[PDB]
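Included below are structure tokens for two forms of one protein chain, each presented in isolation as structure 1 and structure 2.
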Structure 1
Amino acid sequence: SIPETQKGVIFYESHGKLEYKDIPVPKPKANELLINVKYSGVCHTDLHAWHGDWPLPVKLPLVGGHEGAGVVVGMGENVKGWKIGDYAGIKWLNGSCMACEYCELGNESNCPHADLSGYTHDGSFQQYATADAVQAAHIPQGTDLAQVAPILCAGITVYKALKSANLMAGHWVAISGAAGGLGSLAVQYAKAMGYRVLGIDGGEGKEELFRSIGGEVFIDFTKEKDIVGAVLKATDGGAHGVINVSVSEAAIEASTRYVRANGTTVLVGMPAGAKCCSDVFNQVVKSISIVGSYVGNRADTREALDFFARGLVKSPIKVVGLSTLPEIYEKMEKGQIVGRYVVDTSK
């Protein structure tokens, strides 16, 4: 019934060959779900873990991926709150000691023993994966496993970020990078949560797309020469919260100048070796807050997933084969980052 062999996209070296091939089916432990993965999300994070850019050592031979949507096929004796057949979601955060200051506060991310899918643990580019029964998303029955896989990283994240911005219904939120993978989700979660949405992005088509998902006010950065000035103009003081999901330092630092007084600019985008250098006078005189926001926790997960379940949030995906993958890892270099890729494991 459960096979011993399966297909996966492994690699035997830091920045080396990307062999799609037959590998073992991993056994699960007493705390783990055996998940038959149907679709795996794909984003730039999986390109970095491959290279060895981040300095934490990598678990070679390693199956990347951290956005797996699938089905509970087996489980360790001690697993709880899980039936066979349940739909299960594998996130960046695979596991945690569950016995430290941080793990107790739902800040399992900052756990010194953070187990990470597609990095220290074998991720979601394979037909069968193990996961911690606790951290695994509980996907409700009747949800397109393809469509949801993007929610499992970018969606949780942008939702958590949005709570962290610390807003009320009726407040303005600026999404800096609002036609991007993260931006366009941010825009929908923002709208569903009661907020007024202004947006910043550039060039061909990105404005019509923004409107078509409920954005109110667009600031074309290519045409508009004084971004701050318009943002202030448009919000009659400056945006109450701000989400930074561009890949541009300039645009982050701009954020400290268009955010409102008593307001909160939030860091999600982590451009390579970037630094946010805010003027101290401005920041004190206006009691401005600058908050970083990492992945989410079990609660954030459940919530983020309910808006999707309510149909209030959707990702414009496009599905390709799991054997295809090296091309995608290749295209991510070449520049053809463009829309949300998801991988079928049957192919």
Structure 2
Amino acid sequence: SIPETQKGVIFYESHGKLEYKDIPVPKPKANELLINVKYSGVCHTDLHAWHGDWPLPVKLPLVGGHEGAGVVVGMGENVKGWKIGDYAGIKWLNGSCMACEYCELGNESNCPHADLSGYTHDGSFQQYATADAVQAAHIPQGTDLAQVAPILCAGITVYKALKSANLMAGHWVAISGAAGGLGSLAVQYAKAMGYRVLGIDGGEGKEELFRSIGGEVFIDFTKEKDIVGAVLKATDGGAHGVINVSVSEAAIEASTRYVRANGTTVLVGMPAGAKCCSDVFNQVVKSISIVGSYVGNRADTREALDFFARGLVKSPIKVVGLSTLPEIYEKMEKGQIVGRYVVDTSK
């Protein structure tokens, strides 16, 4: 039935050797599911984590990963709306307190008692993982789990960021980083949501990917000397919305400056040490809003998966073995990635 030993990728100090090795299988707590993870998307977040790019410390030794699509093989005595066999999703937000003002308003990700997969809780870069039963993602039977894996962070994230840009069907959204993990999903969520899509990315056939997945206007940051100008021109006065999913502080500076007056620039990506600076005068006069968006809630999860089920968004994924995570991380830190890598935990 349930083994005692499994394989994971784990590091013991920040930015230290990523070890592919045999580790213990974790036991569920009363609130938690034990999931046999079949695939895990790899999120740029997981790299920031390994590098120690963020002001919060990770749990060491840490098993990373937070886009885990697997099966429920065990559960706590306190878990309720779950059967053995159900498919489950391990997300960034392993678990919230579900008892504070924030969790009550559906801003579960902002709970100060938040427990995070691939940071403070052993994640989905292993064959077996634990996750809060209340927060976990109900994945419909029959879902190709390799394909859905990225909806679990990149998908819910950009979906919720779009809602928070307060667009309307027919308005322009500019996706900053349109070819990355988060970017190529945002592009589709946004087409599905009725927006006109402009994409800023750059690199080999990054454009091609963008066209193939429904985007309308592409601006290549490798070639366009005046990004702002192009956006302003392409959208006749600026993006009603901007979704910053680059890992560029620069790209973020620009997003403050090509967003439409009365528009909204959303911050999603979180580059090392990054500040968003904008001129006060300019932001006031133009009544521009700059909004931080942090993953999503359960309702965001249910909605975001519904888009995948209907077939309207689909990550451009390559499936490689878990034991190849050091390679994905090298590829990712060079922005070579066209969409998403998901790891098979069998290899």
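Numbering runs along the sequence of structure 1, starting at 1. The term rigid core refers to the most C-alpha atoms you can superpose between the two forms while keeping them within 1.5 Å.
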After superposition on the rigid core, does the Cα atom of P57 shift by at least 2 Å between the two structures?
yes
Does superposing the core leave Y87 with a CA shift of 2 Å or more between the two structures?
no
Would the C-alpha of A133 be classed as shifted by 2 Å or more between the two structures after rigid-core alignment?
no
For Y189, what C-alpha shift in Å is seen between the two structures once the core is overlaid?
0.3
What does the CA of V247 shift by between the two structures after fitting on the core? Give it in Å to one decimal.
2.2
Keeping the rigid core fixed, work out how far the Cα of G214 travels between the two structures, to one decimal in Å.
1.2
